[PDB]
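# Coordinate inspection notes
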Protein chains: 2
Amino acid sequence: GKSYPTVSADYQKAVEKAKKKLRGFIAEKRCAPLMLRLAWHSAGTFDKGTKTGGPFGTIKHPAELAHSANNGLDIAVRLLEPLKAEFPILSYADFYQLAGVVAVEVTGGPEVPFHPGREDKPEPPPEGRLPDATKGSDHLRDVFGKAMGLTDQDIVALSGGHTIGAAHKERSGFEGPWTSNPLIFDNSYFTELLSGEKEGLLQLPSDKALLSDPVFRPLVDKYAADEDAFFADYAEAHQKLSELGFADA
Amino acid sequence: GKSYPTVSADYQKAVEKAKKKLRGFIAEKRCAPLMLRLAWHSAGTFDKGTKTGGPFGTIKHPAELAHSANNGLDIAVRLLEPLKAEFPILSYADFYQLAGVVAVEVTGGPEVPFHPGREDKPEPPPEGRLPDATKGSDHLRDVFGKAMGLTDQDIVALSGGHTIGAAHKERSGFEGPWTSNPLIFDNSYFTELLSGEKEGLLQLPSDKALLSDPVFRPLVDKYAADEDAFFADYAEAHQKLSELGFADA
Ligand code: HEM
Ligand code: HEM
Ligand SMILES: [K+]
Ligand SMILES: [K+]
């Protein structure tokens, strides 16, 4: 049900130019997984019932950066500031979601559609809305479903964002990559999830919860078997995520 | 703009009977100021914009009791549990606001009108909405005005609740009573505020802020000069406070 705001031609020019510079920067710095995380944690605080939180620029605020769920994302914010300063017309809100869309594209994933127009809001949401890696399916539906308003299908496909990147013991406490090729966006997260625990590879309890839920497990199976299906469902879910509370939510 | 819900006759019987038992209990235990504080801190978390928080029973939850603003109110909650258990039909939400109305009446203050029907909600609001004693007039309008939706007049009159009770260094860190007769509800809070700092009596920076604001100071002056006016404005404000988010807000 989205109705995206009109933005000036100069604004659209800056988007296009920012998108290209983000590709080169993110590729050079090898920081696509951290930028995807930055985009997700920005959006993932949306609560449909109160219409608070969401991808509106607040993650750069030191008070939101201090949320323990956000450990290490100050690095992300810092890395992007010089480039953002080249695009003063853009909202931080738009800039961070664009970086997430680009992070996915330059690691070889699907092209997530992007619509500009998000405004930078003044107040960060309360801490505690992002998911707890130590919990399971009920918790996941509470956060993605009851708060953000995404579907069970969205939960599984977005979990596949872990196909890139790694945990760090000094940030969450968990450690290592989910896949053997953590700078490559593919369906390997699901393939590893199905094969058991491979030495050196990470599985959060929240990942494992997908294997035991009667709705989530068919989806893991479909994605492990069909990367195209994964990419389609991923692109849908990431667009919805990136637009929570925006242009009608 | 209130439209109060219908409640059963058995519910109204329990209100009337609870009101009388609360008088005797609160008088015997000399805990009227702590019960007023309990009622206020229950209500004072309302945010009109999101319609979250407010006098809906959540302060008895250990997670809300743990808010540092609420230090010492677990005592209040404990004191009331035996009596509440005599009125299982009543919501905790109604019971705590009734105790606040009674606390004011048995110390000799105005009769604040009371309407039953508040429901006990499952989730406590985020911490941090209650006012900071170390701040001033802007802060007060942010909390009472922008969040709760009360008037500048309401802020000054409700500040007069400090005419009963005292701070404790092991609860907020501040210490002592605002008045020489802290179990007597009268306009003495304003009279002391005007006379300067009397030895042994407390003034928070938030109290003092009332003296320097061009809207609040006329009100302090009116109340110090006219206790009847104070009681009228107090009764209005406390009813509005006790009904935030309830029966239309
Ligand atoms: C489903 C529930 C989720 C939980 C419990 C969760 C939890 C975690 C944890 C604990 C970390 C490691 C942080 C560290 O120590 O560095 C992590 C990292 C990561 N998360 Fe998730 N996450 C979830 C969903 C998501 C979603 C929906 C996305 C985006 C589509 C995502 C993208 C990532 C990425 C890319 C990393 C790697 C970061 C890096 O390499 O530095 N995650 N998550
Ligand atoms: C206006 C901003 C307010 C601030 C900054 C504030 C702050 C404080 C503080 C710091 C304490 C002492 C807590 C302790 O250490 O025990 C206190 C106590 C108290 N507050 Fe206020 N308060 C405010 C408004 C209110 C309102 C609106 C009411 C109710 C009408 C109220 C009723 C009381 C009462 C009765 C006590 C005495 C409690 C006792 O004797 O144990 N206050 N407040
Ligand atoms: K991978
Ligand atoms: K007094």
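Residues numbered from 1 in each chain as written, not as in the entry; some residues may be left out. Chains lettered and ligands numbered in written order. Heavy atoms only, no water. Residues with missing side-chain atoms left out of burial classes, pairs and counts.

Method-wise, the PDB entry is recorded as coming from X-ray crystallography, at a reported resolution of 1.70 Å.

## Details of helix α10 (residues 216–225) of chain B
The set of residues buried in α10(B) consists of B:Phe216, B:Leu219, B:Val220 and B:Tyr223. Down the axis of α10(B), the smallest arc covering the buried residues is 100°, so these residues share one side. (Buried < 20%, exposed > 50% of the residue type's maximum accessible area, 1.4 Å probe, protein only. Helix = DSSP H or I, 4+ residues; strand = E, 2+ residues; numbered from the N terminus. Arc of directions from axis to C-beta.)

## Describing the site of ligand 1
Residues and elements named next belong to chain A. Lining the immediate surroundings of ligand 1 are 23 residues, of which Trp40, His162, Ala166, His168 and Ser172 lie closest. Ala166 places a main-chain nitrogen or oxygen 3.0 Å from an oxygen atom of ligand 1. Backbone polar atom of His168 to an oxygen atom of ligand 1: 2.8 Å apart, as the coordinates give it. Elements with a contribution of two residues or more to the shell around ligand 1: α2 (32–43), α6 (137–148), α7 (152–159) and β1 (166–167). A per-element tally of the shell around ligand 1 places α2 first, with 4 residues. (Near = heavy atom within 4 Å. Polar contact = N/O pair within 3.5 Å; in protein donor to acceptor, adjacent residues only side chain to side chain.)

## Regarding the packing of helix α1 (residues 9–29) of chain B against helix α5 (residues 92–106) of chain B
Residues and elements named next belong to chain B. Where α1 contacts α5, the axes come no closer than 9 Å and their chain directions differ by 45°. With respect to α5, the axis of α1 lies oblique. Here the hand of the crossing between α1 and α5 comes out right-handed. Two secondary-structure elements touch here, α1 through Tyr11, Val15, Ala18, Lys19, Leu22, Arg23 and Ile26 and α5 through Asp94, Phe95, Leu98, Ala99, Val102, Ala103, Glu105 and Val106. Of the residues in the contact of α1 with α5, the class split is 11 nonpolar, no polar and 4 charged. (Axes fitted to C-alpha atoms, helices over the stretch in contact; angles between N-to-C directions. Parallel < 35°, antiparallel > 145°, perpendicular 65-115°, else oblique. Left-handed = near helix turned anticlockwise from the far one by under 90°. Contact = heavy atoms within 4.5 Å. Nonpolar A, V, L, I, M, F, W, Y, C, P; charged D, E, K, R; others polar.)

## Some points on the coordination of the potassium ion (ligand 3)
Residues and elements named next belong to chain A. Bound to the potassium ion (ligand 3) on the protein side are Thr163 (O), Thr163 (OG1), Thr179 (OG1), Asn181 (O), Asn181 (OD1), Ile184 (O) and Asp186 (OD), at distances that span 2.7 to 3.0 Å. Ordering the donors of the potassium ion (ligand 3) by residue number gives the pattern T-x15-T-x1-N-x2-I-x1-D. One end of the pair, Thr163, is in the loop between α7 and β1; the other, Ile184, is in the loop between β2 (176–177) and α8 (188–195), with 21 residues separating them in the sequence. On the basis of relative accessibility, which here comes to 41%, the residue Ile184 falls in the partly exposed class. (Donors = N, O, S within 2.8 Å, 3.2 Å for Na, K, Ca; no water.)

## A word on the site of ligand 2
All names here are of chain B. Neighbouring ligand 2 are 23 residues, the closest being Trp40, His162, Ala166, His168 and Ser172. Taking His162, its side chain carries an N or O atom lying 2.9 Å from a nitrogen atom of ligand 2. In this structure, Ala166 approaches ligand 2 through a main-chain N or O atom, which is 3.0 Å from an oxygen atom. Those elements that provide at least two residues to the shell around ligand 2 are α2 (32–43), α6 (137–148), α7 (152–159) and β1 (166–167). The dominant element in the shell around ligand 2, judged by the number of residues it contributes, is α2, at 4 residues. Class assignment of the residues belonging to the shell around ligand 2 gives a composition of 14 nonpolar, 7 polar and 2 charged. Structurally, the shell around ligand 2 is a two-domain feature, drawing no fewer than three residues from each of domain 1 (1–130 + 238–249) and domain 2 (131–237). (Domains from an automatic or database assignment.)

## A short note on the domain arrangement of chain A
All names here are of chain A. Assigned domains within chain A: domain 1 (1–130 + 238–249) and domain 2 (131–237). Relative to domain 2, the C-alpha centre of domain 1 lies at a distance of 21 Å. Contacts between the two partners involve 28 residues from domain 1, matched on the other side by 27 residues from domain 2. With both chains or domains summed, domain 1 and domain 2 bury close to 2200 Å², and 64% of this area falls on carbon and sulfur atoms. In terms of surface lost to domain 2, no three residues of domain 1 exceed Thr107, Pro110 and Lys240, which account for 24% of the buried area on that side. Seen at the junction of domain 1 and domain 2, the total is 1 salt bridge. Across the pair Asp154 and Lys240 runs a salt bridge, and its minimum N-O distance is 2.8 Å. Where domain 1 packs against domain 2, one counts 12 residue pairs in polar contact. Taken together, the elements giving at least two residues each to the side of domain 1 that touches domain 2 come down to α2 and α11 (227–242). With 6 residues, α2 is the largest single contributor of residues to the side of domain 1 that touches domain 2. (Buried area = accessible area lost by both parts, 1.4 Å probe. Salt bridge = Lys/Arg side-chain N within 4 Å of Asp/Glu carboxyl O.)

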